[PDB]
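Report on one structure; see the data block that follows.
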Amino acid sequence: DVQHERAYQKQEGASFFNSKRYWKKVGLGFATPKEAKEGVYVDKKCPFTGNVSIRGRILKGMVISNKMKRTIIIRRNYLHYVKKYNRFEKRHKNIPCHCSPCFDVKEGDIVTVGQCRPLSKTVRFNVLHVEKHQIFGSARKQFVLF
Amino acid sequence: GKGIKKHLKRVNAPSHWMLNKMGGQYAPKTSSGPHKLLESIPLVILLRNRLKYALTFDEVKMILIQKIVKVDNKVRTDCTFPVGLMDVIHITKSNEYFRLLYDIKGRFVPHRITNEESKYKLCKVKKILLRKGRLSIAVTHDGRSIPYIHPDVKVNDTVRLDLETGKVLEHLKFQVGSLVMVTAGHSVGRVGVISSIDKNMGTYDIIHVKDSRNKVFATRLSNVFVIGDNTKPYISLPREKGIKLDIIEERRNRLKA
Amino acid sequence: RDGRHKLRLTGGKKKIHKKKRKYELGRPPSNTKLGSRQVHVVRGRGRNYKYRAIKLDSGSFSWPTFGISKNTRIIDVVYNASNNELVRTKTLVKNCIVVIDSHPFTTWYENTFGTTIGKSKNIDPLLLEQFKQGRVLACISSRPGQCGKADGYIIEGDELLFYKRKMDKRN
RNA sequence: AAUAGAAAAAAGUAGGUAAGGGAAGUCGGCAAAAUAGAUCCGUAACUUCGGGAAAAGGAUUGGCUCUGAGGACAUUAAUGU
RNA sequence: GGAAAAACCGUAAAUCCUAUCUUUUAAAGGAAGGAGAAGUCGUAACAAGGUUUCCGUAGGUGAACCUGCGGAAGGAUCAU
RNA sequence: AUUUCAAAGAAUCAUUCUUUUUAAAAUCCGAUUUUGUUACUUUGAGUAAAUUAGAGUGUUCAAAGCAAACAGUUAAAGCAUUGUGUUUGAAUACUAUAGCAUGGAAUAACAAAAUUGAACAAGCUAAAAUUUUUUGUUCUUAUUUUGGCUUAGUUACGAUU
RNA sequence: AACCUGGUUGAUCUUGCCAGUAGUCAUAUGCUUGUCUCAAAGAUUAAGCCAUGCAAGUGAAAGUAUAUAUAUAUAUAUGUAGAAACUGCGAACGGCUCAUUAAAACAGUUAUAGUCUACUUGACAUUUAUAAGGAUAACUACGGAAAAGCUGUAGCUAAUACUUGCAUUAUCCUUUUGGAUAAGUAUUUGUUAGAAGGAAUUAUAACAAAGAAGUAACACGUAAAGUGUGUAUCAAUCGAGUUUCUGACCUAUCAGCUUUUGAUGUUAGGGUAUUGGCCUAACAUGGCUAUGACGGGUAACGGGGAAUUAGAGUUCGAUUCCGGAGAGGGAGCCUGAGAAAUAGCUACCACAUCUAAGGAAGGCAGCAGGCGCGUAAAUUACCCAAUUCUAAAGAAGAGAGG
C-alpha cells in the first residue's frame, strides 16, 4: 500500500516488538483529526505524527495551490494603513506551507496554519485545521478578510 | 574579528544606573555572574555612586582589595561583580549591613538592615530540574542551585534561604493571597497582594496586582517576586513600603514639608 | 558556503555582500568504506569533537525484537536507498543495507533459549532461512561520518520483505 | 590491356612534406591549405516576419567495467515466461 | 612514529578569448531649434483684413500658402 | 432598506451624569451565571538611553548641568548603647500602523442561510462503562448502565422588505 | 505670529508664473572682530596614494630562576629581590570609514521542543605513591648570510608546558545491626518504561551494546580548620548563530521571469554547532508576477533621529547611541571559547620600499603628519590623574580616553 519511494518508510518512534501506530496531541486547543489518527499513512513533516512540533505564530489563510506532493501555498490578504491619507490599501503575502495527508484541501479552502522549524527552503508553516469553503472565480483573484 | 563585546558606553548603559552625561565615556561593564546585566548594578556603582565611600574607581579598587566587603556571606574581589536583586551587602569595618531593594521610582537603594535579619535572603526559583537518580534541584534568579528542594515547592514559589548552609528554611507559595513585588515591568518597584491570575496558551501570562491604596495595575508573570504572605512582608521594606504616590500628589507632598 | 548566495524565492538573482563567514563551515564531504578500522579526529566549532571514520568493518548490531546486541564484522554492502554509486563503491552511509556475520546472534540464542528477558517470540521463517546460511541482512542506523563507528540492526518482517524485493521484472 | 627488362640524372607530370614569418607574391588568395560526422549548448544586423541560421561562437566524442530508462506475452494485485 | 614530494576530487584567486549591456566621446556631410542686427522678398493673420476663419485630411507651390473633400462657430446670422 | 424597542430610581444646575428591570436557552442550589468571528474602538501589557516634550532645581544670568539643601566662628539639635551630621534629588510622557493581552451596545464586514433543512419524544441496533466470574504462575465467559447508528410520531417545526 | 507684496494693460478684473521675504545642528565664501562661556572640525571630491614617529600587553601572598644581586641565624640554614626566557591569559574588544547593499541589511515582534557559548557564578564526579617518565627554551660553545622580528650546530636544565598512573563506594535479605550482591559522566546506537510545559520521541527509569573525557604526582599561607590554579557534567551568565511576523526611495521608453549550471517541492543521504537545496543522488513540475514580479536607477548603509511645520506635511539622517558592512582589489586558510581576523598568516592581481641583485621586507578608512584631489577642513602637542579596558589584575600598559 503506502510506500514505494526507494527507501523503507517507517513512522519512526512507533515501536514494534513490545508495547501493549503512533500520533501526538499538538495542543493549543486544536483537535487531533480522526482521519489523521486512524489513517494508515506514513510521513515525517506531518504535525500529528512526525518529529516536528508547532511553536511560534498561528495564522488563518486561504489556499491557492494544491499541486505539490503534500505541500500547499496560502495567501494572507490584509489591509495596510497609509498615514498620509488616513486610509487603507489591500496588500498580501504568500506563505508556502506543508500539508498533511489527513485533510483534503481544495483551492479556496480556508486553513489555519502554525509556525514550526524549517522544513524546506521556504516551507516554514504547517497546516493545523481545514475550514472547508467553496469559492467563485479564481482564488488567486479572491479576497477574504481574515 | 567579530567576538563578544566587552565595552559599555556610559550613555548606552541602563538609565537606572543613574549616571550623568558628562562623566567620561565608558561605564563599568558588569562581569558575568549571578544576576543579569540589565537587572543588577556593578559593585563600583554601589560603592561610589550610591553609598559615596569612594570618589573614584581607583578608591573602589583600594576598598575591594581589602576583604572588608562581603556579598552573600562571602568575600568578593572584582570591581565589576554584580550586586544582585536580593542580597546582603556587609561592610565589615563599620559593621554595616545593607539589603538591596527597589524604591518606588525604579532604581536600587541600599537599605539599612539589622544584624539578625541579615543572615537570610529571599530566592525566587526560575526552574526545577530532575537530575540523575531521581533527585530534584531548583534553579534560582540568584544564580544559585538548590539541591533537595521540597516537591511541595513549585516554579513561582519563593523560598527563604540561609546564607551559612545555603539550605531552605521555609517557602512562600505564589497563591492568590501572597504579597508580590514588581521587578522589571513598567510598574517596577511596587508591592501588592495578587488579585488575579490569567493563563494564556502559548503566550505571556499576566497577573493583576492591588496596591495598599487600592489602586490596581497589571504586570507580566516573568518579573513578579513573591515577598511575603498576607500577615507581613518577610523582609523589611524601604521607606515608602512599596507604595507609589501618583505624580500630582507626590509633587504636592514634596512642597508641603 | 551555507545559507546564502543562491537564488531568491521569486526566482530573482539576489545581490551579495557579507564575505563568507567561518561559522558557515560547509566542511569537505567524507566517503567511508569497508576495510580495516581507521578514524580521524575532527575539531568542530566551539571545540565539539567529531569522529571521521574513513574505513570500518566491525560494528554494534542489534536484534531489535529481543533488544540485544552483539559486535560483528560486516561482510559486504548490498543495497543503498539513495544512489547506486555508494553501494557499488562499497561505501557506508547511515541508512545503508549491509550483511553481518550471524554467528554471535546464533550463539547467543542457543545459549539463552536453546535450539538453532521477554522470552520466546518465535523468530520468522524467512529470517530463519537466511540464518542457517550464516550471513544475515542488516540496516546500519548510526552515522559513520559523525560517530566513528557504524552501528545497526537486523532487518525484520515487512521491512525485510521490502529490501529483499528491491535488492534482488528482476535483473 | 599498341611491349618488356635494367638502371636511376636533369627536366616533366601525378603526388607528399616542410624551420621562422603569414599574402610581403600576383591584374586577382588563383593554387594549395584550414573547416567538416554527431550530441549538447549558444546564435546578431536586418527582414516582405516566412527567414536570416549549420549564422556567428563554444564544449564534448576512444577502449573497457557497470548503472538507470524504454516492451511483449500468461498465470489468480502479486507471481511467472 | 614521521619531514620532503606527488595524484585525485573540492574551494577557486587570477589571466585571455568571445558575447551582450553601460558610458561618455570623435567624425565629412545632413537637417533642426533658439539668440542677434537697421539685410532680401513679399502680404499670410488681426476689420467681411479686402477670397469668413479654423479643424481633420490629401495634393501642389518660392515662402507666407493655395486648392479639393467632410466638419465646426471660437462667424459676419441666435430671426417669416 | 431590514433582525431589541424601552421603562423606573438617586445625585447636580433646571439640564446633566449614574443605577435598576425587561425576552430565551443552557448551567449551578423556586433563586443564583454563561451565549456568533473579524474589522473598528477603548483600556492595558512589554518598551534602550542620548535626543525631544516635560516636573524639580537662583550654573553669577543664560546656553546649561544633574544636582543639591539645611544648622553650626566650629554647638546645638536629633537618635545610638558615652558614640554618632541630617534631609536628600535624578520625576513623568512619548518609544510605528504591525505583533501581544483587554471592556464594548454603535458603525462596518463576514459566517450561518430551502428544487429543501431541522429540533425534540419513542423503539431497535453495533461501541464504551458497571456488576459477576469458569481453572490446575495464568487463558475465559455471563447480566446490568452510558455515548454513536438504523427506523413512525410530536413542535408558534423552518425562508425579511 | 495659521501673514504676504512688485511684475501681462491706455486703464481693469482674472488665470498664471517669475521676482521679492524668512528660516535652514547646511556647506562654501567676502568683509570685519573687542570680551567671556560653550565647541563642530579631510564625510560629500579619491573606500586615492602614503615618508617618519607613535597606536597591545601583562607578574606587589600564590606555575618556572645555580644569569645575577642581596638580609638575618649558625661552608650551611632560611629567606628577599631578579635581567633573561618557557608557560599562562589577552591581543577576535576598541577605534575608524560607509564602498557595497532596496525584503537585502535594519527597526519593532516572535522562535530556538533546531543550537553553540571562554572569563564569571552556583551545584558538584564514574570502569613506586613519604610521590612516576622524558625533551625542550633561555643559557654555554662554534657559526653562516649585504640586510630582515633571519637563524644552523652541539652540549646542557625546569615547569600548572608535555606524559604516565596508585583503590572504594552503592545495592537486596534476617530485623540499631549480621550476611549476599552490584558499580563508565557526556556522547552514540537498539529496545522499551514515562516532574514539567500550550504541545514531547522532554526531564527522567530500566534493559543490551559501544564510548570521549575525567575525578589534583600542581602553588601559596591562610582560620585565635583557609586561599590560588586546573578540572567532568548540569544549571546560571556575558553572549552568538539561525529564525516568525510586519514595515522602504525612484523607474513600465524594464512585462513576463525563474527551472540543464537547485528554480519549487517529495524521499533518502552527506554536511553542519544545529535547521534547512546548505550540499549529493533519485523522483516529482512546480515557485514568483500589474496588489508591479524580473530588471534599470540611486550623487542610497539602516534606525534611534534632524531641519522646517497652525494642522496636515516635506525634505534630511557619512556624522555622539544601537545594528550592519569593510580594511588596496579579490580568494583561501591557521590558532583558539570566540576570526574566513588584516598593526594573524598564503597566493594572485593592482600598486609599491630596501638590496652589494643572490634575495628580503610592505598595506594609516588607529592618532599625528605629507602628497594629490579639490568649494571644502586643525598639532609630527602634553598626560594616563579622571573615564574605562586588558593582565599572572592596586602599583603595568592603552594616540581607547582625558
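Chains as they are written, first to last, in full-length UniProt numbering: chain A, 6 to 25, 36 to 161; chain B, 2 to 258; chain C, 5 to 120, 162 to 213, 216 to 218. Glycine included, C-beta positions come from ideal geometry on N, C-alpha and C.
Proximity to residue i [Cα-Cα], best of the options
i                    : options                          : result
B/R135               : B/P148, B/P111, B/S16 and B/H91  : B/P148
B/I207               : B/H36, B/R221 and B/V70          : B/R221
A/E10                : C/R31, C/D61 and C/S86           : C/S86
C/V43                : C/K54, C/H9, C/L11 and C/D169    : C/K54
B/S32                : B/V12, B/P83 and B/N201          : B/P83
B/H112               : B/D59, B/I150 and B/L86          : B/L86
B/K211               : B/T115, B/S223 and B/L180        : B/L180
A/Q149               : A/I125, A/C131, A/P111 and A/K98 : A/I125
B/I228               : B/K37, B/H209, B/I195 and B/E251 : B/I195
B/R100               : B/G107, B/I92, B/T93 and B/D88   : B/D88
C/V97                : C/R188, C/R49 and C/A183         : C/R188
C/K37                : C/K216, C/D105 and C/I78         : C/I78
residue 1 of chain B : B/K10, B/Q176, B/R191 and B/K216 : Here chain B has residues from 2 to 258 only, and residue 1 of chain B is not among them.
C/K164               : A/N23, A/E17, A/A19 and A/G152   : A/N23
B/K37                : B/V61, B/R145 and B/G25          : B/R145
A/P133               : A/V120, A/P111 and A/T127        : A/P111
A/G44                : A/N141, A/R139 and A/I73         : A/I73
Whole-Å CB distance - residue i paired with residue j, under 8 Å assumed
i      : j      : result
B/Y121 : B/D163 : 6 Å
C/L29  : C/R56  : The Cβ separation is near 14 Å, so there is no contact.
C/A195 : C/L60  : 5 Å
B/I69  : B/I92  : 6 Å
The ligand SAH heavy atom lying under 8 Å from the CB of residue i
i     : result
A/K75 : In the structure shown, the ligand SAH is absent, as is every other ligand, since no ligand is present at all.
Beta-bridge partners of residue i, as assigned by DSSP
i      : result
B/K122 : B/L162
C/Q42  : C/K59
B/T141 : B/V126
A/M77  : A/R90 and A/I125
C/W67  : C/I72
B/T220 : B/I208
A/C112 : A/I87 and A/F140
C/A183 : C/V102 and C/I199
A/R11  : DSSP, once it has assigned bridges, lists no residue as partnering A/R11.
B/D199 : B/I207
B/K10  : B/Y27
Residue i: contacting residues in chain A (beta-carbon distance under 8 Å)
i      : result
C/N99  : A12
C/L13  : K136 and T137
C/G163 : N23
C/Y208 : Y13
Proximal chain A residues relative to residue i, where beta-carbon distance stays under 7 Å
i      : result
B/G203 : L43
C/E204 : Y13
Return the residues of the stretch 36 to 68 of chain A that lie within a Cβ-Cβ distance of less than 9 Å from chain B, sorted by chain order.
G42, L43 and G44
If contact means a Cβ-Cβ distance below 9 Å, which residues of the stretch 44 to 72 of chain C contact chain A?
Within the stretch 44 to 72 of chain C, the residues whose Cβ lies closer than 9 Å to some Cβ of chain A are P68, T69, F70 and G71, listed in chain order.
Residues in the stretch 82 to 96 of chain C with C-beta within 8 Å of chain A's C-beta atoms, listed in sequence order?
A85 and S86
Residues within the UniProt region "Disordered" (15 to 38) of chain C neighbouring chain A, beta-carbon criterion of under 8 Å
For the UniProt region "Disordered" (15 to 38) of chain C, no residue has a beta-carbon sitting nearer than 8 Å to a beta-carbon of chain A.
Which residues, in chain order, does the stretch 73 to 102 of chain A contribute to contact with chain C at a C-beta distance below 8 Å?
none
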